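Take a look at this single chain in structure tokens; it is the form deposited in one PDB entry.
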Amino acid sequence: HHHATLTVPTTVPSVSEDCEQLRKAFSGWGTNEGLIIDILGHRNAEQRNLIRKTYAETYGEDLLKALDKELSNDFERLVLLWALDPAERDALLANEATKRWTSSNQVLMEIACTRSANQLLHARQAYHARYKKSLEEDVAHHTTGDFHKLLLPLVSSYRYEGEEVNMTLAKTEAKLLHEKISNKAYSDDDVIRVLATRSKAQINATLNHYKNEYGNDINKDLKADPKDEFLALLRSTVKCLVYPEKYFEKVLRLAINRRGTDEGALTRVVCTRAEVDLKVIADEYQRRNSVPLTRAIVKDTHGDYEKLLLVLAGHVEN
């Protein structure tokens, strides 16, 4: 029944104990990565937050900071991106994505489109606390053209999340998206509008009408130019909004296929979805690739990084 892959022990040690074991894992010379993976890879956000707070109180030092001074590169990055509270994690990924990076990034779209209205808000507040600015200003500041016009309201929505649908409106807007798309007015106010403003149930209804009325789902009519970076973002927005698990499966597939250009795509999907819908994602990977996620992802991995990655993905005893 559950969709997350994180596994927590039926019995959970006192935060004070975790802290003791964690401090020990990087005391003296050298480090004990198996111990860090074992404790942090099996603690939920609340537990992880308590651990970090109890640590700094007990030892007067920031736990994540300590870890960043001791661990190996690829591993440390996985440990840190995972360890963060989901809201802090999002804030951090959105910030990186506005930095020197071809702002139109799919990471901004991903965070805006696959989070609850409340997860998005919380990330925004963590963004406030850490960068003393708003995610929206950084996005408006760093992106341009069509990308700017789509991503600004994406990162800013606080979507209605009820099941109510307006069939009439969906039909009219389905036709509307069609015209616009047909005329190549890809970043039209109405396109942007339906995608960045309407509820997900309303959006799915709109797109189901699109297929009814036109036979194909909107995405096939969004490839006029296979090279156009914007159409690409629009196709990924649709998937994220109405088919999140297929979006994530393909990001994983292109990553493993060593054919993607999203470097931390692997680290990012696992760290951000293991507490959410990674099991569903893994099921979809299985279905689309005939190979289980935990088996496919280790083609180019090894060591402590692989160990933690598999643990976040649901790996257990053997």
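Residues that one form lacks are left out of the comparison. Heads up: residue numbers just count along the shown sequence, starting at 1. Note that the rigid core is defined as the largest set of C-alphas that superpose within 1.5 Å between two forms.
There is another form of this protein, the form deposited in another entry, and it is not shown here; the text below is about that form.
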{"query": "Sole residue of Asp283, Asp38, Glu275, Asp262 shifting 2 angstroms or more in CA between the shown form and the other one, core aligned", "finding": "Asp262"}
{"query": "Rigid core superposed: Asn118 CA moves 2 Å or more between the shown form and the other one", "finding": "no"}
{"query": "Core-superposed comparison between the shown form and the other one, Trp101 Cα displacement 2 Å or beyond", "finding": "yes"}
{"query": "Flag for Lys299, CA shift 2 Å or larger between the shown form and the other one after aligning core", "finding": "yes"}
{"query": "In that other deposited form, whether the C-alpha atoms of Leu78 and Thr102 sit closer or farther than here (change of 3 Å or more)", "finding": "closer"}
{"query": "Shift in CA distance, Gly260 and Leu234, in that other deposited form relative to the form shown here, given it is 3 Å or more", "finding": "farther"}
{"query": "Once both forms are overlaid on the core, stretches between the shown form and the other one of 3 or more residues with C-alpha shifts of 2 Å or more", "finding": "101-104, 258-263, 297-300"}
